[PDB]
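Worksheet: one structure, shown below.
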Amino acid sequence: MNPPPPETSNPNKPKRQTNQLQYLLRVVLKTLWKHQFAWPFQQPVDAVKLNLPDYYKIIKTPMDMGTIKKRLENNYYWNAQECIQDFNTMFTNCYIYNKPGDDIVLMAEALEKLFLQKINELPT
Ligand SMILES: Nc1cc(-n2ccnc2)c2ccc(Br)c(O)c2n1
């Protein structure tokens, strides 16, 4: 089966709204979300549907833009670096499970370059 998805709320984790975190939701995520290659990354990997039964044997810290989106909307993060780390976990998972040249990797490679472009400059 699929594992439980990552948490999107945690009452005992301190929350914070920063200008940078508002920007990561309004501009960075919500623009990557519209990319033609974004769809595989908008929800946790459904290893059952995709017939990838070894996915969660290999990936032990799953992450996806659907989870990141809910975390941003729920003010789950303390700072932008926490959210950026989640993006990097998602890309890294993709490169770990898959191989250079795979369709999914070409998609992640493209999103990651766009992600890096958008976060090169954050609001102050
Ligand atoms: N082999 C695959 C297939 C994926 N996919 C393809 C279509 N919908 C999901 C996929 C998605 C996100 C991440 Br992150 C991955 O590592 C993935 N790996």
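Sequence positions, counted from 1, serve as the residue numbers for this chain. All values below come from the heavy atoms of this structure, side chains included, with hydrogens, waters and symmetry mates left out. Counting starts at 1 for both ligands and their atoms, following the listed order.
Nearest to atom 3 (C) of ligand 1 by heavy atom, out of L52, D64, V45, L111, is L52.
Proximity of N2 to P44: side-chain heavy atoms (C-beta onward) are nowhere separated by under 4.5 Å. Within the 4.5 Å cutoff, no side-chain heavy atoms of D64 are placed close to those of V45.
Note on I58 and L50: same hydrophobic cluster, where clusters join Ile, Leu, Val, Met, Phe, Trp and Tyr whose side-chain heavy atoms are under 4.5 Å apart, directly or indirectly.
Taking any N or O of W39, backbone or side chain, none lies under 3.5 Å from an N or O belonging to ligand 1. Every N/O-N/O distance between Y97 and ligand 1 stays at or above 3.5 Å.
Here the side chain of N79 pairs a donor or acceptor atom with the backbone of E82 at under 3.5 angstrom.
A cation-pi arrangement is found for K13 relative to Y76, the charged atom lying closer than 6.0 Å to the ring centre and inside a 45° cone about the ring normal.
Ranking protein heavy atoms by distance to atom 11 (C) of ligand 1, first place goes to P40 O, 3.4 Å. Looking only at heavy atoms of the protein, atom 17 (C) of ligand 1 is closest to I104 CG1, 3.8 Å. Atom 14 (Br) of ligand 1 has its closest protein heavy atom at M90 O, 3.5 Å. Scanning all protein heavy atoms for the shortest distance to atom 1 (N) of ligand 1 gives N98 OD1, 2.9 Å.
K69 and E73 are joined by a salt bridge, as a carboxylate oxygen and a charged side-chain nitrogen come within less than 4.0 angstrom of each other.
The closest approach between a heavy atom of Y55 and any atom of ligand 1 is below 4.0 Å.
More than 12 heavy atoms of other residues, nucleotides or ligands lie within 6.0 Å of NZ in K60, so this atom counts as buried by the packing criterion.
If you look at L50 next to ligand 1, the close heavy atoms, those under 4.0 Å, all belong to the side chain.
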